[PDB]
Structures are given as C-alpha cells and as structure tokens.
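Colleague:
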Amino acid sequence: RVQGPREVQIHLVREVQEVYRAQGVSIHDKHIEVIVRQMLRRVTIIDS
Amino acid sequence: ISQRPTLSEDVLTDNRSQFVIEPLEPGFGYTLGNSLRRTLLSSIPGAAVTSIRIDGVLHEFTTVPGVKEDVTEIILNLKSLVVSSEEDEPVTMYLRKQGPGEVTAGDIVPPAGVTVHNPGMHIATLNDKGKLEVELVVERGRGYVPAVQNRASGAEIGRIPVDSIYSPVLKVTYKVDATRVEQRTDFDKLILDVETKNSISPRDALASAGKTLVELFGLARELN
Amino acid sequence: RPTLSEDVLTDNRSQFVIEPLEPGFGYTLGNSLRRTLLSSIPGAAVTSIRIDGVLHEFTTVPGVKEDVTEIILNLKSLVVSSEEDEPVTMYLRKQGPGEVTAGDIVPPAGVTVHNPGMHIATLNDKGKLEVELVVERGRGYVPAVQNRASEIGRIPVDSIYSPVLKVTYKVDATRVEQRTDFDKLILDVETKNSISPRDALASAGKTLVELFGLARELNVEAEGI
Amino acid sequence: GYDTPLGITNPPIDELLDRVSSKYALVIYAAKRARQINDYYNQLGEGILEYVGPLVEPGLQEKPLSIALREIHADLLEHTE
Amino acid sequence: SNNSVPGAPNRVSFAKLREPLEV
Amino acid sequence: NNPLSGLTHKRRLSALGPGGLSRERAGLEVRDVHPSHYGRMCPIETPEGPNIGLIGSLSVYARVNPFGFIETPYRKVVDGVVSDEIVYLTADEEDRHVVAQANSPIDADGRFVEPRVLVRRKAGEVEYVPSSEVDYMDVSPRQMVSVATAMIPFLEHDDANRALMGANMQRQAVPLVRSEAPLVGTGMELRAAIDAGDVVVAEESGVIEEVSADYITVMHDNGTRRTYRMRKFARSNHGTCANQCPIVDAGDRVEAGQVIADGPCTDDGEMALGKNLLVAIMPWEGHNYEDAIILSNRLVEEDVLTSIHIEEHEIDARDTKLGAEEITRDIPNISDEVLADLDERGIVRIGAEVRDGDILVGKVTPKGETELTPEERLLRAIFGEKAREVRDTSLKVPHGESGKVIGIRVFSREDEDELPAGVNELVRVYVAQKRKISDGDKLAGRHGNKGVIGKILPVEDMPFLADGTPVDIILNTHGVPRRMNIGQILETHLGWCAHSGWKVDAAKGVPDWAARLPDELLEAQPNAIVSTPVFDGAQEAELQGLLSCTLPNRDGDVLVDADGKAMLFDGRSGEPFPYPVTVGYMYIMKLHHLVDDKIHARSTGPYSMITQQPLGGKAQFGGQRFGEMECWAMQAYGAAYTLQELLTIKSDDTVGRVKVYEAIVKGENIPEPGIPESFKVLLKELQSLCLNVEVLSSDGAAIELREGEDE
Amino acid sequence: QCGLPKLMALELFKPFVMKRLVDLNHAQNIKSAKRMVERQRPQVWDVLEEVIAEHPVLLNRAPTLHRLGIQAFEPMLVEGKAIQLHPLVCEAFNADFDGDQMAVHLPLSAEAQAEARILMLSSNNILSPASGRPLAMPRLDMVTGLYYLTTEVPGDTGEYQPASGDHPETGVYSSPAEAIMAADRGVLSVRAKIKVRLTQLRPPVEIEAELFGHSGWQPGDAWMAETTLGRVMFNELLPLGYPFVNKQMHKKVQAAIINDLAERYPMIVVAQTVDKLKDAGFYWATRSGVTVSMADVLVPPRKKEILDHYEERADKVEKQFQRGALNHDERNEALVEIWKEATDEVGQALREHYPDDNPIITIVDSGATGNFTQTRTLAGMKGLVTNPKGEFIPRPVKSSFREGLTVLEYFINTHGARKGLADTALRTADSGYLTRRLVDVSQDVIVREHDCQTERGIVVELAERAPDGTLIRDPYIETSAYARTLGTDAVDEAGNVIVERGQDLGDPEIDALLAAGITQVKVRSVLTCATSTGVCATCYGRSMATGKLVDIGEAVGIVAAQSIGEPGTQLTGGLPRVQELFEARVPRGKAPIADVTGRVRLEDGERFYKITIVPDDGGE
Amino acid sequence: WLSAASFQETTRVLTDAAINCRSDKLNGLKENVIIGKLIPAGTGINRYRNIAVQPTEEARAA
DNA sequence: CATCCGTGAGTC
Ligand SMILES: Cc1ccccc1NC(=O)[C@@H](Cc1ccccc1)NC(=O)c1ccc[se]1
Ligand SMILES: [Mg+2]
Ligand SMILES: [Zn+2]
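Chains as they are written, first to last, in the entry's author numbering: chain A, 1123 to 1170; chain B, 3 to 226; chain C, 6 to 155, 158 to 232; chain D, 28 to 108; chain E, 28 to 50; chain F, 443 to 1153; chain G, 440 to 1011, 1026 to 1073; chain H, 1220 to 1281.
1) Is D/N65 helix, strand or coil by DSSP?
2) From the DSSP output, in three-state form, read off G/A631 for me.
3) If we count Cβ pairs, one from each stretch, closer than 8 Å, do we get three or more for the segment 693 to 702 of chain F versus the segment 716 to 729 of chain F?
4) Residues bridged to C/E104 by DSSP?
5) Should the segment 180 to 193 of chain C be regarded as contacting the segment 175 to 191 of chain B, the criterion being three or more beta carbon pairs within less than 8 Å?
6) Out of F/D580, F/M904, F/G552 and F/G826, point me to the one whose CA is closest to F/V540's CA.
7) Would DSSP call G/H505 helix, strand or coil?
8) Verify whether the separation of the beta carbon atoms of F/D999 and F/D909 is less than 8 Å.
9) Output yes if chain C places a C-beta closer than 8 Å to the C-beta of G/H606; else output no.
10) Counting C-beta neighbours from all protein chains within 10 Å, is the total for A/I1167 16 or more, i.e. buried, or is it exposed?
11) Could you pull out every residue in the same chain whose Cβ sits closer than 6 Å to the Cβ of G/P526, ignoring the five residues on either side in sequence?
12) Taking Cβ to Cβ, would you say F/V803 is nearer than 8 Å to F/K846?
13) Three-state secondary structure (DSSP) at F/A676?
14) So who's on the other strand from G/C975, going by DSSP bridges?
15) So is G/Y849 buried or exposed if we call it buried at 16+ other beta carbons inside 10 Å?
16) Are at least three pairs of beta-carbons, each pair with one atom in the segment 99 to 106 of chain C and one in the segment 45 to 56 of chain C, less than 8 Å apart?
17) Regarding G/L847 and ligand 1, is the C-beta to nearest heavy atom distance less than 7 Å?
18) Looking only at its own chain, which residues have a Cβ that is under 8 Å from the Cβ of G/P682, when we skip the five neighbours before and after it?
19) Using a Cβ-Cβ cut-off of less than 9 Å, list which residues of the segment 481 to 494 of chain F approach chain G; keep chain order.
20) Can we count G/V995 as close to ligand 3, meaning its CB is less than 7 Å from some heavy atom?
21) Hey, would you say the C-beta of G/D795 is under 7 Å away from at least one heavy atom of ligand 2?
22) In chain order, what residues have a CB nearer than 6 Å to some heavy atom of ligand 2?
23) State whether the segment 189 to 208 of chain B contacts the segment 24 to 41 of chain B, with contact taken as three or more CB pairs (one from each stretch) at a distance under 8 Å.
Below you can see the structure in the form of structure tokens.
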C-alpha cells in the first residue's frame, strides 16, 4: 500500500535472499522472482 | 657407465629361501621383484581337493552321528590340507576310521602320484560309536577356483563341491640395496623372499615362475 | 587363447596394445616394462662441454643471442650414437651472422648426429663461437654433479643416454568368454630420432627375457600358452 | 580440437546443437527420424514405398536413433517446425 | 583379569578395580 | 539376526503402543535425553529413523521396582567413606540427594581424595561439593550405558552421532561360517554372550560323559545325567543361521555356569560379531572414495567374511470347486529334465541343488472347465494331443533364491496331522545359501563407520607390509576426522599391539607412562586379548607407549613405529608408498544389507486389482515408484515423452502395456499411449459422490470413456 | 557410464533379448525364448551384450530434490550385483556409499531414448541449474590428490639452484620428459620448484604477449617457466589452448577452472577434461600420504595453560555473582563469552602448532573436506554445548575427543547430538513441504516467447562508492546481476556505451562495466517482462545450466521451486522466515515503515517508544 | 480444479467446483500429467512436437 | 489482538 507492487517484490526477493545468505547458500535472484511473480498475478475487486 | 651380466645367488632355509640378484639398474629393483611376487601368489600350478563325499551325507549342512564336528567344519579343515599330485587328471583319495580316536590327514589313502605333506593335521574328533567314511577328489590347477562351479556339470546329488586353493605359495616379499653413491658405482641389489607350503620347493616355485614370464616376454621379440 | 600384439602409430612414437592378459597380469607387466624402456637401452649423450669465451656462467657468450643456460638445454636434446664405449670428443665452430645447427657439427669416426636441423645458438655479426664436446655411452639419466670432473671452463651437463624419451601405460579389462576379468595393457612409447619405437620394444623385450632366464633354468616345469 | 568422442558421446552434442534451434528441438528431430528408420526396415520386408533408408552406412547393430543422430550431424536431413 | 566368575578365557583389562557388583 | 540383536530387543523401552503415544503426537521434548536417564535408560541407543527418541535400551545395572519405575544401584557413603552396601534408587529419590562420580579417587580404606568432588545434582546441575556432603557414588563409570553401548571400545573418543550408529549396527551383524573373538574387547563381551540365551550353559557341575556335534551329555555329581541338545542349522526369524557347536572335549571337567557350547556370533562364550582384519588408513586409487571399502581376496578364498542364510518356502493343497489340488510328480508339459531333481511324491530330494525358476513342490489344480480357444482347439487335433484339466500351480523358486535344499517337512491330513479346514498336503522346503562376501555388501566397524564393498582386488594387489603380508581392508582417510570417531584409530593402534604382543622396559625401573598399567599387561603374547572398559581402559599415553613395545615378527623385524604407521609397497606398481601408512587391526562386522537381497528389477509382472498399476515390493516382483518428486525432475528437464511414457504404457494403460510388449518383440515402433486406467477409476470414483463429471471434446459434447450411460 | 549389473540388465531388456533370441534362432519362437532367459542359458549373455548397445538407462536416487537427481547413463555390463556409479555425479544425487540404493528406469519409445541421451545425459548437465557452479567436479580424494602435486615445497629435493663457484645452474631441464626421468631416478621431487622448457602448453596471457606479442602461440613454440613438475602434469589435462596455471589447486581454484571451461570450451570438452581430473587426483591421493594417526592428531602445548586462564577468569565471575552484584541472566551471558573466547585461543594454538604436512590439516586447509571446527573439537576441545531451550550452556567441555571426554561430559554432548538429528529430521519435512508448495504455484510458468520487448526491468546495484576513494565491489553481484540481460544501454560518464541492450552479461562484460565506473545497470526480468501465458526467453536470460540463453519451452517454474527447496535443510530467522515470506504472513517482528517521507521526530519514552514523522512536503 | 484437488484440501476443492460448474480446460502441468496428455512444456509444446524431418534433395539413394 | 473447529506434516 505504501511503496507499490514492484517495490514489495524487490523487498521479498532480497529478504528471502538475506536468509539463504546467512547459511552460506547461493541461489540466483532469477529463481526467487519466478515464485514472487505468481504471488502478485491477482487483484481484488473494490467496486463491482 | 658400466656393464656386467646379472647373477642369481641364494641364501637358504627349508621352507623359505632368499634369492639375491645383482647387479641391477637404478630404481629397477622394486618393480622387478614385485613382478615375480605377483606371479607366484597368483599363477603357480599346484594341487588341492575339489569335491568330497561322505557315507550317509547328501549335502554340506549336516552332522554325522558320533563325530564332534559337523560337515562344514570338516570341509573347513580340509582347506588347509596340503596336497601335491602328478596326475594331471582327477584322482580319488580315501579316509576311513571307526570307534574312538582322533583322525588326521595321515589316515588318508593317497593313490599313485599323490602325497600328503602334513599328516599331523587335525580333521575330526571321532567319539565312541563314531564312524567316518570319506572320499576326496584332487586335481591339478592354479590360483583360486570357487567351489560352486563343480555343481552344474551334472554332479550327482551325493557330491559336495569344495573351494580349491591351488596356489602352493604362502608368503612372498623383497628388499632392495640401491647404492646411490655419486659415482659410476650406483646400482641396485635385489633380495627376494619366498616361502612355500612344503608342497613344492621355494626354488621350484620361482622356476615355474620364470618359465611363465619368459613365455610371455617372448611375444615382444617376434617381428610384425 | 594366446595373446596378440598390436600397434597404432606416429613418426616418433606409437601405441602398443597387449591383450588378453590373465586377470591380474596387466599391472604385473606394466611398471616393469616401462622402467626397462627408460633405463635398459644403451646409447650416447653429452657428458661435459667447454666454451671459449666463458670464465663464469652468468655472462652470455660474446656474440650469441642465447644465454649460457638455454644453449645447454638445446644441447641436451642432441641425439648422437657413438660406436665406441670410450668417451669421444667432437668440435663445433662457426662465426659471423646466421644460425648454428647440428649439421655444422664435426663428428668423429663411427659417431653420428641424427637431427642435423636442430636449432642451437643464433650468432650475430662479430660473433665468435668455439665449443668442445665430450660424448660418452651409457643408459638412462645422469645428474650434472657426477660429471663435475670430466678446469679452464669445463661445464657438467645432464647426461640423457637413454634412446627412449617418455613412456606411459594403462590397464583396462577385456571380456574373454564369460569372464570380464582379463587384463588389457595399452603402452605408449616415445623414442628419440635415433631408434624406432617398434625396435626399442624388441630390445627391451629381449633384455627382460634374459633376467627371467636365471630362474627358469632351475627346472623348467609347467606353463601353458 | 579434442579427444575422439567415445560411446554415446558420439556424435558430439555441441556440433549437433548447431543445426537446431535448441536442445528440445533436436530430440523430436532425431527421434521422428529414428521412427522412420525402424519403419523402413520392417516395412521393406513386405511393404513397398517405405520411408527413405539410412543415408549413411548402418554400423553393425547400430540403433535407429544412433543412425539418425549421425546423419543430422552430416546435415543430410531437413528441419521443419 | 576382568570377569573371573564363570570359566571364561582371561581377557586382561586396563582398568580401575571394579568390584561393586557384577552385571 | 544375532544373539545381541535379540538380547537388546528384550530390553527395549518404547513410548509407542496403546495407552502410550502415536508418532505424530510426539514433540521434541519427549525424544531428547533427560537427566534422569542416567543409569536407567541409555542415551546412546536409539534408532536413526523417525522413531528417534521414542525407542531406547535399558541401562546395564538398572532394574524395575514393583511400582513400575526404573531403579539404579548406587554405592553408599557414610561420611566421606565409600561402603560396599548398595541400595537401588528411583529417579525422584536421587533428586533429593547428592551423587558422586564413579571415577572419583578413593582411599584404599574408602575415603575421598579431594574434599570438593564432581557432584551430580537435581535438574541436571553439576558442581564441586565438600566430601562431607557426599551421600552416594556411582557403581561404575560405565553405568549410564546399555548392553550394546558397552561393546564399543574407546566410546569416549567417538561423538554420540557415530556412536549411535555404531550401537545400532551391532544388532545388524550376521553370523559367519566360524566366528573370531575381537582382539580389542571391553569386557562386556562375556556376560552378553551368556545372558543372550543363544549359547549353552551348564546347569549343574560335572564332566563331559559323551560329546557329539549333535548333543552334549554331562554326568552330574549326584549321579543324574542331563543332556543338552544342540541347535544345528536352524533358520532364524531373519534368515540367518543359528548354529551351535560344542566347546569342551570328552572328559573335560566342567563346573556349573560354564559355557559348554556357544552358538551364532560367539567364540569361547564371547560376542564375536565379526572378524579381526588387517587395516590400512589410506586413500587407494579412488575405490574407497566416499566411505567405500576395499577388500583382500583372501577374505573370499578363506571364507573369512562368508555367512549362511536359510529361506523357508511354503505351499499347500486345497479343496476347490473343480476338485482338489494334488501334489504330484506329473506336471503338464514339463520334460523329465526339469523333473529330474524330484522324488516320486513330487517334492525336491534332500541335498538337491536349486536355482531360481526351478520347481520345489510339484502341485497342480483342476482348471475351470471353460471352452478352450478355437485357435487352440484346432492346434490339438493336428498333433492329436488331448488337453488335461489340471493347470500348473507348482511352487517355483523365487528370483534370486538359490543354494542347496537342506530339509523337507511334510504334513499330510491323511497322516492325521491336524491341518486347518480345507488343506490336504502341506510342504515346507528349506533352502540354504552359502554367501561369500561381494561388492555392495555393507561392512561396518563398531564406531558407526559404515561402508559398502567397493572393490575386492586379488590378494597380490594389496598394499602389503615389508614381510610380504597383504592387508585385509583399505579404509579411506578422508571419512575419519569428519565423523569425530577416532576411536577406530585407537582400536587399530591397540589392535596392532594385540597381534604382535609387547613388553615394557623394566630395566632402570617401570617407566612413568606405564605406571598406571596393571602388572598383567606389562607383558603380552602374540594374538592376545584385552579389555578397554567404557570411561576407563587404555589412555592415549599408555597406547603410544605400547606402540614402541611392539614385538618383532618371526623374522626379527619390527613392522610399525611409535606413530602407529608403517611402510607399504604398492601391489600394482611395486614402488614403496612415499609416506608412512597407518596400519593395524580393527574389528569388522558383516551387516545384514546384502546385494543378493536388495538387488531387484522387473520387465512386466503382476498388476493392482483396482488401479491396474504395477504392484510393489521385491516379494511381489513389483516395479519401482516414479513419485511426485520424481515427476518434477522430468518436468524440469523437458522430457515430456519420457514422463508420459512412465505414467501410461509403463503403468496403468491396460491395452497399452500389452501392445507395447508385442511391438518390442516384433521390433516395430513404440505406439501412442492411451488413457490411464487410474484416471478412469477417478472419474468413476467422483461419479459415486454425486459429482457429474463429463469429459468434453472441442465441440462441447460429453464423450464416452470406453463406456456408455444407460438407465 | 554406469555399471549396470548383468543380472539386472537381463530383466530390463527381457522382451528386447527374447526378440534377438528368436532372431538368431537360439529359440524357435517367443515362448522358448522366454524359457531361455528364465533358465539363464549361456547364450543370452552374448545377446544382451548387443541389446543394450548405447541404449541409455536412468539412475534416480530418492529423495529427488532437484532435476539432477535423475540422470542418464550408458549401461555397462558388469559381473556382480552392485550398480556402479561415477565419482562426479555424487555431488548431484547427494549420494554417498553407506548403503545407498538407486532406482533404474529404462526408456522404450524412440523419443524417450532421445530425451535421455540429449537432455538428461550426465556429461551434459555439469553445472547446477541453481547457481551455474560445477557439480561434476573434484570433491574429496580427487581435490586432495591434485592439491598435493600442485603444492610448491621449498627445500624439496631436485630444486632449482643458481650457479656459484665451480658448479653451474642446478635444476634446469630441457623437456618435461627429462624431469620425469629425474624423479624416477630419485633426483627430483614432484613438488620442488624448477625451470623447464615446454613445447606443448600455452603460457599465461601475461607472459605470451611478452614472448610472442600475441603472435599466436603454436604447438612447438618453446618457453621457459618457473613452476613444479606436478603443476606441469596438471595442465596437460586442461589441456592445450588453455593458458597455464601456476598455483596450488585449492577447491576454489579447481572450481574456477571448470567454470571457465564451461563458458568458453564446448560441453564434450569439459566432460572429458573433468574426467582426466578425476583419474589424476585419485592416482595422487594414493601417493599423497594423507593418513590419520593418533600421532598426527595432536593435543595442543598450551592446553592446560590457556584453560587455567579462563577457568580463572570464570571463578572471578562466579564470585562476582556470589555477592549478587551480577544478575542471573547476565552471569551466564558473560560466562558464555568467556568460554567462547577460550575455545578460539585453542583453535589458533593448533593451526600454528600443526604443520601443513599434517594430513588432518592437509585435508581441511585444501578445501577437500571438513571444517577446522571439527579439527578443533577433535584435537583441542569441544567447547560449548546447546541447551534444550537453545541457549548456550554455562559449563564447557574442556576435554578433546583425542583426550577422551569425562563421563558427565559425554552425557550432555549426547543430549545435543540427539536433538540435532531430531531437528535434522523435522526441517527436512518442512523443506519438502515448502518445496511442493513452491512447485504448485508456478506450474503455468514456462518459457513461451522469445521476447516481450518491453524496456521494463529493474535497478541493479553492481558497485558501491568508496569514501576513501576508488570503488568498492558489491557483495550481491553474482546472485543479482551476472545471469541478467540488459534492457537498457549501460553508458558511462561519456557518451560511450559499454554494453548493448539485448546482451547477456558475462564475466568480462561486468569488468567492462566495473572499470567504466558505472555502478548501476537496469536489466530485464521475469517480474517486469509481460507476456500472456508465462514469460518470455529474453528477460529470464541465461539458463544456469546451459550457460546460454534459455531454450523456448523450458519449465523454469518447476526448476525454480527446486532450486529454492533443495538446499533448505541447512538453516537455523532460518527456515521459518523463508516460509513466513513465501506465504505472505503478517510477520512476528512487524517493524513499522514510514507512511510518508519526512523528518523523523524521536520522542522516546522508557515505558514505550513513540515515533512521529513530519512530512517533508507540507503534510500532516 | 484438477490442479487444485491434487494439491491440498481436496474435499473442499470438489464441493466448490461442483457448485460453480467449473469447467477445466486441460492445459497445465499437473493438469496434463493426470489425464496422461503430453505436458505443455519442453518437447511437449506444438512448436517442437509437430516437426517434419526429411532427407535433403541433394541426398539421394545410390 | 486472542479462542474453537478442521487440516496440513521428506523419500525409498
Ligand atoms: C544439564 C543437563 C541437561 C540435559 C541432560 C543432562 C544434563 N546434565 C548433564 O549432562 C550433567 C550430568 C548430569 C546428569 C544427570 C543429572 C545431573 C548431572 N553434566 C554436565 O552438564 C556436564 C558435565 C561436564 C561438562 Se558439562
Ligand atoms: Mg547414505
Ligand atoms: Zn519477457
């Protein structure tokens, strides 16, 4: 609501990364984004 | 910068003899002695038991009334039986003994051209009322040959195949006296060590070891 | 079934294929036949050299492009066959602009230089070059410290007597009858410009036949081929 | 410049991928040709008008796939999507 | 000796003397 | 599987069962080690699987009180004076007291050396506490452990993880042709073998009156005779060979409680779960890579790691509606070559050899009188052979099974032998196998250091010691510091000292390192047995010391040094290995994970009744499962046809599997997969839930699925 | 290749062999051909030898976590009943040899085999689809064997010696064939530094331009080097055409070379090359002398010395709490620190007291395997054990495993080891569950088009500016930039463009940007590139496997879910945070965010924090 | 609804879809595997599936 | 923000 759909995608990508970074695990951001994309492919109906 | 035809000396002991061979090329001794070691322990022709049969026994896994041991342990004892045979073809031995008293490799009846080199070998502990009528087959072969092979020939159900350890060799090693003095006096001295099974001689073993190798190294001399 | 002998070739070297060996005899023949090829064939190589305008090694020879070091290396690679066991001596002299090779070498009687086109030292103008060579016979490889007395500019050289350069062997398993236990020995052998690989194997072969003779003489009992 | 490709590595997959859009495309390309080859042999016995036979020398007991894969490498086949 | 109780072959033991109660 | 396996089974403590807890209901608290478990329940013995923490063994010195709790013995201390008076304590009773550690130094009379001593306390707390406040002390250092745990030499050098597997695997050991006692022991080996009940103990004292492989007789002091009968080649519950053999010779004076004849995995009344092997700690030509194991061919030739295995195959004859199954020697369309190993009844003759596919019990049942094929009717008039009405239903040898038939046990309803209703003749054929060890067999040390048999080189290949002795096993160095189980190293050091024998130097006095070494050990024979109790036994000092004490060979030459290493010769190249190789003796068990069993495959075979998919398990000749996760790997790849093939013609396409088979044997092309019967099942399952499911074509019409709708 | 057992194969190709049996008239029909196979007649072993000709098989090892858990091989018959595997694909299946079983599946249809030999063949899938790193690479004994001969040993025999006095230059050889006959005599060590003239290896890129001027080096051109005999044998595998390497082969270095080869040199080169490395390392891990003895594993000299220092620094805290000056939560939180520090000082003690000859350290310090923390626990001390709650226990384990832990020490370590495996048993289930969820949500996600064409992408912070000067490389680069394709021309300060749009970023293309001074590049992405069903090929960019532009039709959606869930076993936030993010839960922490930008008004209270914000642009 | 049911909460999936009369265009990964259709990816797509392979005209029987 | 009912939970 504050920063908009694209930004909230960039937050997820890195915050998810920030967890795998800790245990020395390296996944390319590419794979993360694929899942993140499918999370946002829908919108709610305010007015019918 | 020197040339001398190599020799072949010997330092003896009844069951084991040291073969000193010198002079030899530098760093040549280690891979030269091993060439013989691998030959002896593997492909020296000997003789041992192939299969057996027992009176009242149909298979390997049972007991004979009165005998302290079972058939398996008896077969297991006969693995250490040291035999030498001249008959290239299979031959039949015999062992019988009744009542109390210990039976050994001496109660065996070796036919012509067959000798038992260790009579004092414990086979079984026959107790009172114990009777044991055995029958053993010895052939000539080399190396190691599994028991399981005899079964599928069409061998009658009475016969029980046994593993054949033909190789009459026991333990072989070597050491090397490589003179590395900075001169044309640098050479290698080989001392091979061979111990037999009192089936054949430590020398006679190395002689059939040399008969094989030469017949193999000769195909590198024939022209194309 | 008795064993075969095969060959896949090249000018200076070749691949020998030996099969079928009894299970466990690929390695029995392996490291033994190699050490024979690299140590048991006689030839001739350089023991020591002498340069005219050299009192110490660091300075390069007056009129020569190469350093004192790099010329030694080219000289080690010179293939020569002496006919007499006793150490012979050949001279090589050339002056002026150009390049000195192995065809300029002045050889003694019964001594042959097998690669006359080998590069040695690039001379410039006003470039004088006179070198004495000491050629011996022997086998295998000999360090330089052992040739430090063979004293107005004598240099001990690494003697590479052996006429076989480098040999490698691998042992795979062939499948005779039902048994996939039998061994197969592939051998790679590179020789100098002196003797053919096909020849150097027969010599090494015959050589080892002698060794295993001392044993076989004792009884000649049993073996089957 | 490499060592002689042995076994199922021949023909070298890299040179094979050059005559095709992608990996997946090479598959159906090869296999459908392999289907034609095995068709040809079985049909030939009792059926005329069979698919075009092996465009290269069929090695002793060479799999229909293996025959096909070689002639792809030899650019002897045509590529349609 | 370790368990010198039933009639067992002597198996010598690196130990502090354990005599509280047998197993 | 072995005596120990059974013994530990009886002392198992499970939280599972009716009245207990389910597996899914167990949190992380129920499973992990609680302080009260000390001396009661072992913290080391527990399975690796999803059962972990819910199954455990009971500690050695522990017992049960009449109220259902677990007591453990403690020595009593009056006032800084350790007594021999012993009392068993429950858990919460120990909580209201203070217990001293077992190894706390004690005066010859019985007083503590230090005022402050290591003290165990309520809630798992530990502190130093004045000797006057010491109430009780532990019975033994090895108190907290189970039976299986104790038999692990130098336990205090191996992490609880590999120590855990080391305990579990010991139950998984297999009885060999003949059993060798471990050179390095812990003392527990004795009592275990006896209490196992799978060895034979003397009730009352006496003397061996007559001995046979069959039975042992003992004449008693009072004049009565008792005869113990040997178990010979009895099949176990797990297919191992429970076989007992006499120890004592005839006329041996034996006393009450003595092992007169041990059984499986037992030598001289001691736990013999394996063999003492000639170890070498070095990476060797990659054949030991990733915990893989290399073997000397000596172990095959000498049956060193060979075992015996019995299988029980069973079949019966019933009463059908077409008659009754009869067991006979006459089986339809079978030559007299396949029937060769049978007797007159139809049963295999004792001692005969059986391969897989062969016949064991010739049985035939009357087949349903259905009209035989008009394409087989025609085939029977030409050759003029009349078809029998008895279909073959004989008991054939299952795949992989082989060996010799060692027994036939027949039960006939005719011979009044009481059968369940409807059975006539019931046959049991027992086949024994003599399995020499091979590639893919699972060998394991007592330190949780498992591994499968990578390669078995011929004896000559082996990296051998200077005197020409080929090693037995080549472990991999890499997988040793990773596992935190260097007790296996110490077993090798002490092991080698046990094989050679040793002698400390007493000239200029008994040395300082061997000052803590009991007198009996300052001199040791070649092939001598020792004990290293848990939390006691050999220390690293004494060990390094004894390594220098190593006695030379028959050739008067020492073989290993004080480091523990020695020099080896590469059996292939002949050249001596450049660096010193650690060599010695380690105890090795042959586990019960054998390739003979585990290997399995399938072309076609049986199929499910409902799903029409292939069955499962090696027992039913079922195929493997290509599950959800395995499918993802396919989908990720992009091999649509491969995946499709696996879940159609390879699986439950009724008409598909049959047709693909013919297409292969005809050498034609593999056709196009159809509709999976699994799906048809689903749609008929959904319709039974008032779910009008219809498959629509591109038009919009509901199509048939090899079936029609009618009212 | 893979060693498929004879007894296994005969059943898999059963209707295939019965075909070739009635073919060659060993049986008259298919019915007798059946009996021939069932009876295992000696003929069929010769027929089966023909039937399985280049007919690929599938090896799978459950659990299948990523697509390399199923790979294709060329079936090789072998006596015995054990399936034989290649040492390199061990990294793939996560397959060790402690009794592991693998599944075998045989493709039938003409398409199936094609998909096997092409898509799923082991020698093609060398890089991980997750990171593009080499999986089929030297791993244990392999790396250790190579690390051996590539190590430069100072005073080793046969070392190069400068001329001085009456003796010339020692340690200079004409050819590699000469240095070989030196070590075989025994004069030269394979690890001693020497000078050699080579004729069949391309010199470094830094040296070639000096001795040729990039005239194009040629198989025959000689050049002098200053390495070891061992490091020379190594480069004969790379082989020609690839620049020489004069370093000791740590795993990271061996990791780099393969990675580089995977880029430039074709697949069938890397496959056969990494084959040569396997063979090499194994021969030399044998003559490396890596061996564990009680001798090699040594207890530190300052053992009781250092411990008595911290046992003393602890009793000062025990008595400082004895007077109640310290809180209970403080007392242990400090005692943790004291012993945490103590363990480290023991770790240092080993590294310096331990020679690099030491096989235990040799294995560790070569990246072959194992941590030094294991080595410390082994030779120094265990240290701290975990409380059931998770906190660090106040009392330590001063004893090493080599010294033998005391009774009470064993008990509490055992408690930890049990909880370790239990949580090791639970996380896997959470990982696998999360794995299947990720898989499902991304199924209608495939590569459908070649290009979406929208210029939309996202900012990538390639570099960080340095206050001191120059520039600082970013840590997130490789995971967030290297596989991307530009959607915007990256221009420097000048009007000069460095990398085009529609261009895949490679290693030099980064350096081209890194040295250009541009610290931000816009790149195409799945999130931004908009297509109807699924995504395009361009934005997704380079498939981590092929090292090229992803093909059209690759099921990247399921590939992605695998790449995330597979390594999910190695966590401690940890795995919950991962799930918490992928399921969009209102987080535990719930740290607030500024609704509107502006000036921060900190007006803290001890009872509660309140943060007011004044909107920069007017606002409320 | 095919993809839905074979994931989680299967009994809920069916009830809703049954009321909504939801049709299922069998076009998805999970969707295709169940019915036994070639999956809509890899070599399964029409772009590669329907391919014609013919000998070159330059190639001709000997 | 906290309860109550129903539904998930690695593979062979
Ligand atoms: C604290 C604790 C938690 C779980 C399980 C056991 C323990 N306690 C111990 O392990 C004690 C020994 C003990 C067991 C039971 C009852 C009281 C005490 N030992 C230790 O914490 C330590 C002993 C030596 C170094 Se840390
Ligand atoms: Mg495993
Ligand atoms: Zn796009």
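Idealized CB from N, CA, C, for every residue including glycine.
Modeller: Taking the coordinates as given:
1) As a first step, residue 65 of chain D is located in the fourth sequence; it is residue number 38 there, counting from the start. Note: D/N65 maps to helix in three-state DSSP.
2) Residue 631 of chain G sits at position 192 when you count from the first residue of the seventh sequence. In this structure, G/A631 counts as strand in the three-state DSSP scheme.
3) Too few Cβ pairs lie closer than 8 Å, so no.
4) Taking the third sequence and counting its residues from 1, the one referred to as residue 104 of chain C is at position 99. In the DSSP assignment, C/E104 is bridged to C/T127.
5) Taking a cut-off of 8 Å for Cβ pairs, the segment 180 to 193 of chain C and the segment 175 to 191 of chain B do not touch, as fewer than three such pairs fall below it.
6) Position 98 of the sixth sequence holds residue 540 of chain F. The candidate whose alpha carbon is nearest that of F/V540 is F/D580.
7) By 1-based counting over the seventh sequence, the position of residue 505 of chain G is 66. Residue state, collapsed to three classes: coil.
8) In the sixth sequence, residue 999 of chain F corresponds to position 557, counting from 1. In the sixth sequence, residue 909 of chain F corresponds to position 467, counting from 1. Against a cut-off of 8 Å, the Cβ pair of F/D909 and F/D999 comes out as a contact.
9) Residue mapping note: residue 606 of chain G aligns to position 167 of the seventh sequence, counting from 1. Closer than 8 Å to some Cβ of chain C, the Cβ of G/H606 qualifies, so yes.
10) Numbered from its first residue, the first sequence carries residue 1167 of chain A at position 45. A/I1167 should be labelled exposed.
11) Translated into positions along the seventh sequence, residue 526 of chain G becomes position 87. Correct list, in chain order: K717.
12) Within the sixth sequence, numbered from 1, the residue matching residue 803 of chain F stands at position 361. Within the sixth sequence, numbered from 1, the residue matching residue 846 of chain F stands at position 404. No.
13) As a position in the sixth sequence, residue 676 of chain F is number 234, starting the count at 1. Residue state, collapsed to three classes: strand.
14) By 1-based counting over the seventh sequence, the position of residue 975 of chain G is 536. For G/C975, the pairing in a beta bridge is given by DSSP as G/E888.
15) Counting from 1 along the seventh sequence, the entry for residue 849 of chain G is found at position 410. The residue in question, G/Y849, is buried, as its Cβ has 16 or more Cβ neighbours within 10 Å.
16) Counting Cβ pairs under 8 Å, fewer than three are found: no touch.
17) As a first step, residue 847 of chain G is located in the seventh sequence; it is residue number 408 there, counting from the start. The answer is yes for G/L847.
18) Taking the seventh sequence and counting its residues from 1, the one referred to as residue 682 of chain G is at position 243. Contacts found: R641, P642, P643, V644 and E647.
19) Result list: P485, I486, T488, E490, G491, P492 and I494.
20) Counting from one through the seventh sequence, the residue named residue 995 of chain G turns up at place 556. Because no heavy atom of ligand 3 lies under 7 Å away, the Cβ of G/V995 does not count as near it: no.
21) Your numbering for residue 795 of chain G matches position 356 in the seventh sequence. Every heavy atom of ligand 2 is 7 Å or more from the Cβ of G/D795, so no.
22) Matched residues: G/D535, G/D537 and G/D539.
23) Because the criterion of three Cβ pairs below 8 Å is met, the segment 189 to 208 of chain B and the segment 24 to 41 of chain B touch.
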